[PDB]
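Presented below, as structure tokens, is a lone chain in the form solved without adenosine-5'-diphosphate.
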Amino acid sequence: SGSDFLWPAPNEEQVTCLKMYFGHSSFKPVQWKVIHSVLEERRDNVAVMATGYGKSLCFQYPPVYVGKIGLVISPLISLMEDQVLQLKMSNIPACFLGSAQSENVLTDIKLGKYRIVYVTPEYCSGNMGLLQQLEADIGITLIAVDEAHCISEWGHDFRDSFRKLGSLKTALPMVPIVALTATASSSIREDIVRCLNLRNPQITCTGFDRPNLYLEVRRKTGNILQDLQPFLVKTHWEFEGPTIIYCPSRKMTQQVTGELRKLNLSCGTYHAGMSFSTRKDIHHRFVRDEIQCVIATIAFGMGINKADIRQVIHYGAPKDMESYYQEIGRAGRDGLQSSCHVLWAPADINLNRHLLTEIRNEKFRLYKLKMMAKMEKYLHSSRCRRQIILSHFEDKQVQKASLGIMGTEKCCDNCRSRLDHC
């Protein structure tokens, strides 16, 4: 909560604002990433949130914190009016601006008395000069475009009223745009970036429970082949399916690869010491199944994009929950059943607090120590693995919306253990 597991850390005024105006004790990680990128980098965002829950804070918090104006563009009239009501209940001045609004409300908006102004895309397109005046006189913290996938002619819910939003960025090039959508289509996402003319946006995709990922944590034996043989099938050996093994160091990547090659397994390594071309080559041979297993040290699994990854193994404790989340999310993109196993020991590199002693920035040292503790608590836990992840990353509505995976044999090792004999 507060500033605990977030870097850069929210400052005390930011936490106070969150408590006082939104009634929350913590930012979720994606919410902080959006908010911070807006406040400090003035950066465009595309935020895909699978359920739609949790997006409001991303565009409401920044203008409230800095005391300026946020514009929210949406076609969902009744929901916008609802949100205006809720804001005013929290002492946040907000209004829904349209043609029928009085010149006194318009003057109040020009005077900066409203933190959050909701408009339809049609009104917005008809009143660009007003928006520019608000930017010149007060400063627009961000423009939020909800239902942003509606700008795409390739999607099923295109609205003509969204086309003209392409001019926001040319009329207001310094104002960040936060485009929000629930649609998990990569091409719709690219279309949003293109049609809104966003500039190097931060792109985030969150809000999933990933029902086809089975989660398990096992202790290491200390013998690499003894540890990995359960993931192999014999008669010669091979992996059960395409596999990524994440290792915390290049030395361990080389050790693991050497051991697996003793069994003539088709492997490739993948780390930052390689040329961009060499890593592309390994990625391509993995995609076409010339290699069955990639052993990698690259953070987040960046660049390992393959539809049918059936197994992810973390060989050693992961670095922290954010890297773990990104790295196992690489699995099972085709929707078929996959498994994500961590093999760990308390002596693992990513749990060695002595490696943090020399950090000079006190706030960063605390962040790294908190992230180690949180990772270790996950690995040692008896609780549902998926519930731990969703509680850390998602707000409570997302967790409650999850249906049909948690508590079943397909969810995780701890859920399985609570169904079997205990």
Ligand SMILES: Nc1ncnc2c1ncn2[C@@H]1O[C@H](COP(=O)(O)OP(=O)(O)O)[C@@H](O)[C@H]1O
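Position 1 is the first residue in the sequence shown; the rest follow in order.
The form solved in complex with adenosine-5'-diphosphate is left out here; the points below concern that form.
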Decide open versus blocked for this chain after superposing the C-alphas round the site and placing adenosine-5'-diphosphate the way it sits in the entry with it bound; the blocked call needs 3+ ligand atoms within 2.4 Å of backbone or C-beta.
-> blocked
Wondering, does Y61 line up within 4.5 Å of adenosine-5'-diphosphate in the entry with it bound on heavy atoms?
-> no
So, in the entry with it bound, is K28 in contact with adenosine-5'-diphosphate at a 4.5 angstroms heavy atom limit?
-> yes
Contact label in the entry with it bound: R333 to adenosine-5'-diphosphate, heavy atom within 4.5 Å = yes
Does adenosine-5'-diphosphate come within 4.5 Å of any heavy atom of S37 in the entry with it bound?
-> no
Which of these stretches, 325-333, 311-319, 166-174, 257-265, has heavy atoms within 4.5 Å of adenosine-5'-diphosphate in the entry with it bound?
-> 325-333
Determine the residues of 45-70 with a heavy atom within 4.5 Å of adenosine-5'-diphosphate in the entry with it bound and present them in sequence order; the list may be empty.
-> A50, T51, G52, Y53, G54, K55, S56, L57
Report the entry in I309, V34, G207, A94 that lies at the hinge, where the C-alphas stop fitting one rigid part best and start fitting the other, between this form and the one not shown.
-> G207
Note on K33-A317 C-alpha separation in the entry with it bound, which departs from the shown form by 3 angstroms or more | farther
Any idea whether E147 and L390 get closer or farther by CA distance in the entry with it bound, knowing it moves 3 angstroms or more?
-> closer
